[PDB]
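Everything below belongs to my_file-v3.txt, which stores compact mmCIF, C-alpha atoms and all ligand atoms.
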# COMPACT_ATOMS: atom_id res chain seq x y z
CA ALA C 1 11.54 36.37 16.58
CA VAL C 2 9.77 33.01 16.33
CA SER C 3 9.77 29.82 18.46
CA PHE C 4 7.75 26.61 18.42
CA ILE C 5 5.50 26.11 21.51
CA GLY C 6 2.85 23.56 20.49
CA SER C 7 2.97 19.78 20.04
CA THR C 8 4.38 17.86 17.10
CA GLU C 9 1.80 15.05 17.14
CA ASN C 10 -1.87 15.93 17.68
CA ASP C 11 -5.07 13.87 17.93
CA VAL C 12 -8.32 14.98 16.26
CA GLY C 13 -11.59 14.19 18.09
CA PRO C 14 -12.24 12.17 21.29
CA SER C 15 -10.96 8.59 21.41
CA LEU C 16 -13.70 6.11 20.48
CA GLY C 17 -16.26 8.91 20.24
CA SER C 18 -19.62 7.80 18.82
CA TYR C 19 -21.81 9.83 16.47
CA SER C 20 -25.43 9.52 15.23
CA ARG C 21 -27.83 11.06 12.62
CA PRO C 29 -23.24 10.53 0.26
CA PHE C 30 -24.49 11.13 3.78
CA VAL C 31 -22.80 13.89 5.79
CA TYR C 32 -22.87 13.82 9.61
CA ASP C 33 -23.50 17.05 11.60
CA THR C 34 -20.61 16.61 14.05
CA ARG C 35 -19.79 20.33 14.20
CA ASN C 36 -16.44 20.86 15.95
CA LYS C 37 -16.48 17.59 17.90
CA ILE C 38 -14.02 15.86 15.58
CA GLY C 39 -11.45 18.64 15.77
CA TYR C 40 -8.15 19.91 17.17
CA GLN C 41 -7.64 23.58 18.05
CA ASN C 42 -4.68 25.37 19.66
CA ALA C 43 -4.29 29.15 19.79
CA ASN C 44 -0.59 28.89 20.80
CA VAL C 45 1.59 26.85 18.41
CA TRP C 46 4.33 29.40 17.60
CA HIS C 47 5.39 32.37 19.67
CA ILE C 48 6.02 35.40 17.43
CA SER C 49 7.31 38.91 18.10
CA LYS C 50 8.65 42.19 16.70
CA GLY C 51 7.26 42.37 13.17
CA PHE C 52 7.22 38.65 12.32
CA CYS C 53 4.75 37.94 9.48
CA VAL C 54 3.22 34.46 9.21
CA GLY C 55 0.47 32.36 7.55
CA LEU C 56 -0.25 28.59 7.34
CA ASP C 57 -0.17 25.85 4.67
CA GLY C 58 -2.09 22.61 5.13
CA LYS C 59 -1.65 19.18 3.52
CA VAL C 60 -3.94 16.11 3.55
CA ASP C 61 -2.25 12.72 3.05
CA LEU C 62 -5.42 10.61 2.80
CA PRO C 63 -6.57 9.29 -0.64
CA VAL C 64 -9.15 11.42 -2.49
CA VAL C 65 -12.17 9.24 -3.23
CA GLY C 66 -14.78 11.79 -4.27
CA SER C 67 -15.85 15.40 -4.05
CA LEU C 68 -18.73 17.49 -2.71
CA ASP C 69 -19.53 21.13 -3.50
CA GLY C 70 -15.92 21.80 -4.52
CA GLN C 71 -13.89 20.08 -1.78
CA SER C 72 -12.50 16.54 -1.57
CA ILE C 73 -14.06 13.54 0.13
CA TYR C 74 -11.10 11.73 1.63
CA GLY C 75 -11.30 7.97 2.08
CA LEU C 76 -10.91 5.96 5.28
CA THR C 77 -12.68 2.66 4.54
CA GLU C 78 -15.12 1.68 1.79
CA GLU C 79 -18.11 2.76 3.86
CA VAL C 80 -16.64 5.96 5.37
CA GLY C 81 -14.85 9.16 4.23
CA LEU C 82 -14.25 12.70 5.51
CA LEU C 83 -14.70 16.36 4.64
CA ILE C 84 -11.71 18.25 6.07
CA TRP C 85 -10.96 21.91 6.98
CA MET C 86 -7.60 23.40 8.08
CA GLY C 87 -6.81 26.96 9.06
CA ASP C 88 -6.24 29.64 11.70
CA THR C 89 -7.21 29.03 15.34
CA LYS C 90 -10.94 29.88 15.20
CA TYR C 91 -12.98 27.08 13.58
CA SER C 92 -15.07 29.38 11.36
CA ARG C 93 -11.81 30.43 9.59
CA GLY C 94 -11.23 26.85 8.34
CA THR C 95 -10.31 26.33 4.66
CA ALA C 96 -11.97 23.36 2.95
CA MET C 97 -9.25 20.96 1.74
CA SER C 98 -8.91 19.42 -1.77
CA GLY C 99 -6.23 17.08 -3.18
CA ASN C 100 -2.93 16.08 -1.52
CA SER C 101 -0.65 19.10 -2.13
CA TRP C 102 0.41 21.84 0.28
CA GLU C 103 -2.38 24.50 0.22
CA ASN C 104 -2.58 28.05 1.66
CA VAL C 105 -5.13 27.70 4.49
CA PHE C 106 -4.50 31.04 6.25
CA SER C 107 -3.43 34.17 4.36
CA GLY C 108 -1.59 35.38 7.48
CA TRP C 109 -0.84 38.42 9.63
CA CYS C 110 2.01 40.43 11.13
CA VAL C 111 2.56 40.95 14.86
CA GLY C 112 3.51 44.50 15.89
CA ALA C 113 7.06 45.81 15.67
CA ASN C 114 7.11 46.04 19.47
CA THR C 115 4.83 43.29 20.64
CA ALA C 116 4.68 39.58 21.23
CA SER C 117 1.80 37.24 20.44
CA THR C 118 1.13 33.72 19.14
CA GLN C 119 0.06 31.93 15.93
CA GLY C 120 -2.36 29.00 16.35
CA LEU C 121 -4.30 26.63 14.15
CA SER C 122 -7.32 24.36 13.76
CA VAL C 123 -8.22 21.10 12.00
CA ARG C 124 -11.82 19.92 11.73
CA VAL C 125 -13.44 16.96 9.95
CA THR C 126 -16.95 15.66 9.33
CA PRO C 127 -17.71 11.95 8.65
CA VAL C 128 -19.42 10.88 5.40
CA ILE C 129 -21.08 7.53 4.61
CA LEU C 130 -19.96 6.60 1.08
CA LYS C 131 -21.76 3.26 0.88
CA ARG C 132 -24.37 2.08 3.40
CA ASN C 133 -23.72 -1.36 4.88
CA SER C 134 -26.01 -3.94 6.51
CA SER C 135 -24.40 -3.50 9.97
CA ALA C 136 -25.52 0.19 10.13
CA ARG C 137 -22.69 0.78 12.63
CA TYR C 138 -19.27 1.74 11.20
CA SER C 139 -15.91 1.83 12.94
CA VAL C 140 -12.80 3.73 11.95
CA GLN C 141 -9.34 3.23 13.47
CA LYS C 142 -6.62 5.76 14.29
CA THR C 143 -5.38 7.14 10.96
CA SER C 144 -2.95 9.89 9.98
CA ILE C 145 -4.66 12.86 8.30
CA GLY C 146 -1.77 15.11 7.22
CA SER C 147 0.07 18.22 8.44
CA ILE C 148 0.19 22.01 8.82
CA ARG C 149 3.28 24.21 8.46
CA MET C 150 3.77 27.89 9.25
CA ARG C 151 4.61 30.12 6.28
CA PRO C 152 6.72 33.19 7.20
CA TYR C 153 6.40 36.09 4.78
CA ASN C 154 7.49 39.71 4.15
CA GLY C 155 11.09 38.48 4.49
CA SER C 156 10.59 36.80 7.87
CA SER C 157 12.60 33.61 8.44
CA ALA C 158 11.96 30.39 10.33
CA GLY C 159 15.70 29.93 10.93
CA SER C 160 15.90 26.38 12.21
CA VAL C 161 12.66 26.66 14.17
CA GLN C 162 10.36 23.65 13.70
CA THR C 163 7.85 24.58 10.98
CA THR C 164 5.54 21.54 10.85
CA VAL C 165 3.02 19.66 13.04
CA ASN C 166 1.04 16.49 12.29
CA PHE C 167 -2.52 15.27 12.88
CA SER C 168 -4.03 11.87 13.52
CA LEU C 169 -7.72 11.03 13.51
CA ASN C 170 -8.76 9.32 16.79
CA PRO C 171 -10.82 6.19 16.23
CA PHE C 172 -14.61 6.70 16.19
CA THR C 173 -17.90 4.95 15.59
CA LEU C 174 -20.84 5.98 13.40
CA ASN C 175 -24.36 4.78 14.15
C1 LIG C 201 -5.20 34.40 20.98
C2 LIG C 201 -3.68 34.35 20.95
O1 LIG C 201 -3.02 34.25 22.01
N1 LIG C 201 -3.15 34.37 19.72
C3 LIG C 201 -3.93 34.47 18.46
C4 LIG C 201 -3.68 35.87 17.84
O2 LIG C 201 -4.46 36.80 18.63
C5 LIG C 201 -4.24 38.15 18.49
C6 LIG C 201 -4.15 38.95 19.62
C7 LIG C 201 -3.96 40.32 19.50
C8 LIG C 201 -3.88 40.93 18.25
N2 LIG C 201 -3.70 42.27 18.18
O3 LIG C 201 -3.46 42.94 16.98
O4 LIG C 201 -3.71 43.01 19.36
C9 LIG C 201 -3.98 40.14 17.11
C10 LIG C 201 -4.17 38.76 17.24
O5 LIG C 201 -4.10 35.99 16.43
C11 LIG C 201 -3.59 34.95 15.55
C12 LIG C 201 -4.05 35.23 14.09
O6 LIG C 201 -5.47 35.33 14.02
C13 LIG C 201 -3.98 33.55 16.04
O7 LIG C 201 -3.40 32.54 15.18
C14 LIG C 201 -3.54 33.31 17.51
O8 LIG C 201 -4.08 32.06 18.00

Could you take the file, read its structure, and then write that structure out as structure tokens?
Ligand SMILES: CC(=O)N[C@H]1[C@H](Oc2ccc([N+](=O)[O-])cc2)O[C@H](CO)[C@@H](O)[C@@H]1O
Amino acid sequence: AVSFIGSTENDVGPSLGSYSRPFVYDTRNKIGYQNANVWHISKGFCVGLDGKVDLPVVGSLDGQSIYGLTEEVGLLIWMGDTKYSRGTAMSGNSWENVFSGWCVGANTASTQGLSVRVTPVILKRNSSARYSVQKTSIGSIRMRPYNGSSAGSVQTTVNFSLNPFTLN
């Protein structure tokens, strides 16, 4: 079996967080969303995750996209399984496999979770040397059943919004 237990709409990072330091900020996991329990799965269900970024691609760095927010500021983005170190670096605007997946035991119950993580990038330095960003939609993640498993009419997709932040 499978059922949806998480939230449909999800905020990434603390509201009006401020960060100091193309220039890439070391924000670690601060601008993130993580939830180990988004679908409940049981009895042989096999599942992975696809991710999709809806932001415009404005550049690239070491093989992944820089996604644009304003003219000063963009983002590097990772999506994946629950633990942050399993994040897949995102490129383009198509659905991408961001977790190869696993299968719960034939006689057990568990959960499937996810994570989204971003790091701010200064694309063009201003004169203000402080930069604000407002609440913006990032994209989505859907579960991907496999091995013949079926979602039935269970909700497959959840969405992410970047909370506003300031760069110093
Ligand atoms: C920790 C938890 O409640 N569920 C996690 C789940 O944790 C597991 C707990 C037990 C086993 N097990 O084989 O005994 C496997 C994963 O693993 C999934 C895939 O990595 C995660 O998406 C999910 O968040």

### Task
Between C:38, C:51, C:62, C:95, single out the one closest to residue 19 in chain C, counting all atoms listed in the file.
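Residue with the minimum atom-to-atom distance to residue 19 in chain C: C:38.
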
Interface rows for range 60-95 of chain C against range 113-135 of chain C: nearest pair, Å to one decimal, 7 Å, only C-alpha atoms, as JSON lines:
{"residue": "C:78", "atom": "CA", "partner": "C:131", "partner_atom": "CA", "distance": 6.9}
{"residue": "C:79", "atom": "CA", "partner": "C:131", "partner_atom": "CA", "distance": 4.7}
{"residue": "C:80", "atom": "CA", "partner": "C:129", "partner_atom": "CA", "distance": 4.8}
{"residue": "C:81", "atom": "CA", "partner": "C:128", "partner_atom": "CA", "distance": 5.0}
{"residue": "C:82", "atom": "CA", "partner": "C:127", "partner_atom": "CA", "distance": 4.7}
{"residue": "C:83", "atom": "CA", "partner": "C:126", "partner_atom": "CA", "distance": 5.2}
{"residue": "C:84", "atom": "CA", "partner": "C:125", "partner_atom": "CA", "distance": 4.4}
{"residue": "C:85", "atom": "CA", "partner": "C:124", "partner_atom": "CA", "distance": 5.2}
{"residue": "C:86", "atom": "CA", "partner": "C:123", "partner_atom": "CA", "distance": 4.6}
{"residue": "C:87", "atom": "CA", "partner": "C:122", "partner_atom": "CA", "distance": 5.4}
{"residue": "C:88", "atom": "CA", "partner": "C:121", "partner_atom": "CA", "distance": 4.3}
{"residue": "C:89", "atom": "CA", "partner": "C:121", "partner_atom": "CA", "distance": 4.0}
{"residue": "C:90", "atom": "CA", "partner": "C:122", "partner_atom": "CA", "distance": 6.8}
{"residue": "C:91", "atom": "CA", "partner": "C:122", "partner_atom": "CA", "distance": 6.3}

### Query
Do you know which residues lie at most 6 Å from (-21.7, 4.6, 9.7), with coordinates as in the file and only C-alpha atoms counted, and could you write them as a list in words?
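Residues satisfying the cut-off, written out: residues 129, 136, 137, 138, 174 and 175 of chain C.
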
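Residue nearest ligand LIG 201 (chain C) within the list C:153, C:167, C:32, C:46: C:46 [criterion: smallest interatomic distance, all atoms listed in the file].
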
### Task
Excluding residue 100 in chain C and residues on its chain fewer than 4 positions from it, collect all residues at most 12 Å away from it, counting only C-alpha atoms, and give them as a PyMOL selection string.
chain C and resi 57-65+71-74+84+145-147

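Going from CA of residue 56 in chain C to CA of residue 101 in chain C covers 13.4 Å.
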